[PDB]
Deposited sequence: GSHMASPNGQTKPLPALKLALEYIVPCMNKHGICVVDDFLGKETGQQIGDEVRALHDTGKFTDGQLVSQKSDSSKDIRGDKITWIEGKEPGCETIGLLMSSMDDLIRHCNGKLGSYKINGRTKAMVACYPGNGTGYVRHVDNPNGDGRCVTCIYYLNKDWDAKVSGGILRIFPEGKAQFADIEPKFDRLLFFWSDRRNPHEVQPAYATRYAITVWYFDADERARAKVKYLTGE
């Protein structure tokens, strides 16, 4: 098929979807070839021992995007950035002016997960969580690993399967407590957090290491 253009995707789906639900899923974000390439790069990082442990049995590594062997991860990151730019400050009241590096995370099966939590509960400036899933042929029925979100104000929770080539946005603050349910296969995800300029400048969190 022909993928929806980035600008149209942002203005006619992501913006309205986020503002209505605070959660937004875009399936088939970059296509099979690019998705599998990202997977090859992440599996290379895992196989070369770049991951280190990060309530949760996750292993993580941070990717700037320019490192040799992470070109396709860099493309993913620039694509996320293009989507955020296209949103043209229509994501709630946020003035988005920065982001973290990419957090590559692995739950190495065997029932590993992440207990229910809020990404940013202390006002540290992160307003949007952006996650890309790269797990080829992942089936929650077999391997679990669902991301369960408990949107505030709603009785029903939202179950997000970590599907291959799947992009997810959600509000990082207390509106969206969430948990990674136990994973029974190797589960890879790439997360970027985007910052609201003013909240971040408030410096509610001071890092000393």
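Asks: Checking coverage: what stretches of the deposited chain sequence are missing C-alpha positions?
Replies: Missing CA coords at 1-10, 65-76, 232-233.
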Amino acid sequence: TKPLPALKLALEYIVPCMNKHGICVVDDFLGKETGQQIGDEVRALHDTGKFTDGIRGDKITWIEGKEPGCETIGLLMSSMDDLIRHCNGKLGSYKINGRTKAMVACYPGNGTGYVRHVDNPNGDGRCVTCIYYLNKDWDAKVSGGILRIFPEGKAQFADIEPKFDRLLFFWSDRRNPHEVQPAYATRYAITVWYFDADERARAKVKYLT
From here on, numbers count along this sequence of modelled residues.
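Here the rigid core means the biggest group of C-alpha atoms that line up within 1.5 Å when the two forms are laid on top of each other.
Asks: Do the Cα atoms of 173-181 or of 149-157 sit farther, on average, from the shown structure in 5 other deposited structures of this protein when the rigid core is superposed?
Replies: Per-stretch check in 5 other deposited structures of this protein: the more divergent one is 149-157.
Asks: Find the stretch among 134-142 and 94-102 with the larger RMS C-alpha deviation in 5 other deposited structures of this protein, all structures being superposed on the shown form by the rigid core.
Replies: When 134-142 and 94-102 are compared in 5 other deposited structures of this protein, the bigger C-alpha shift is seen for 134-142.
Asks: Regarding 41-49 and 158-166, which shows the higher C-alpha temperature factor on average in the entry?
Replies: Taking the mean C-alpha B-factor of 41-49 and of 158-166, the larger value falls to 41-49.
Asks: Per the record, averaged over C-alpha atoms, which has the higher B-factor: 179-187 or 30-38?
Replies: Going by the record's values, the stretch with the higher mean is 30-38.
Asks: Which is it among 122, 110, 93, 129: the one with the largest CA B-factor in the entry?
Replies: Most elevated C-alpha B-factor of the set, per the entry: 93.
Asks: Quick one: classify residue 72 as lowest, middle or highest third of the chain based on its Cα B-factor.
Replies: Answer is highest: the recorded C-alpha B-factor places it there.
Asks: Sorting the chain's CA B-factors, does residue 55 end up in the lowest, middle or highest third?
Replies: Top third by C-alpha B-factor.
Asks: Considering every modelled residue of the chain and its Cα B-factor in the PDB entry, is residue 148 in the lowest, middle or highest third?
Replies: For residue 148, the deposited C-alpha B-factor lands in the lowest third.
Asks: Just say lowest, middle or highest third for the CA B-factor of residue 87 relative to the other modelled residues in its chain.
Replies: According to the entry, residue 87 has a C-alpha B-factor in the chain's highest third.
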